[PDB]
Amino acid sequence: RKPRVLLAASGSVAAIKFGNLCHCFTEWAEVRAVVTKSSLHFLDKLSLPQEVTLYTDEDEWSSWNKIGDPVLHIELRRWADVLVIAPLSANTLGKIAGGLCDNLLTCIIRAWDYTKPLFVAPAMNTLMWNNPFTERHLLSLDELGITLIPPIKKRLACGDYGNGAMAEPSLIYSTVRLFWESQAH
């Protein structure tokens, strides 16, 4: 008990709320954060909880100097009871569906065992949300067992057809915590 939650941000404008999302999980769980290089255009590091360790692509090397040593993506994958990607960019979505491993975040996921819960809160402009790759990539992740926390539809301009703003932090948090408490530990 006291779940180990790995929170990740990818290169979406919604990464500006990532510090806030981290704040939601920290009383309840042990939180560690992973970010992509593009997410750093949108995230303020001083907005995170001070107790949260933020790992970047460069940390993949700071742990590993010689053969034997710990590999960070593998170490974070073993550590976690759950992984939450919020926001999940269109590009990261595609790289996960492509089975790629070119940075800390996709390499943790390419090492993933789908018996451990993995939640994603996609965040993208409505025109990317409605492009046919959104549904194809999310259907693939769904078949693998990922849990989609759907974006806010009718947000800001609506139109009613999907829309793509990231789910609110409070919903992402409650969805993961209610899951947990229904069972895992």
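In this text, residue numbers run from 1 along the sequence as written.
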With respect to the recorded C-alpha B factors, which stretch has the higher mean value, 90-98 or 69-77? 69-77
Going by the mean C-alpha B-factor recorded in the entry, which is higher: 114-122 or 147-155? 147-155
Third of the chain's Cα B-factor distribution that residue 57 belongs to, per the entry: middle
Once the chain's modelled residues are ordered by C-alpha B factor and cut into thirds, is residue 129 in the lowest, middle or highest one? middle
Sorting by Cα B-factor within the chain, modelled residues only, which third would residue 135 end up in: lowest, middle or highest? middle
Residue 40 by Cα B-factor - lowest, middle or highest third of the modelled chain: middle
Relative to the other modelled residues in the chain, which third contains the C-alpha temperature factor of residue 46: lowest, middle or highest? highest
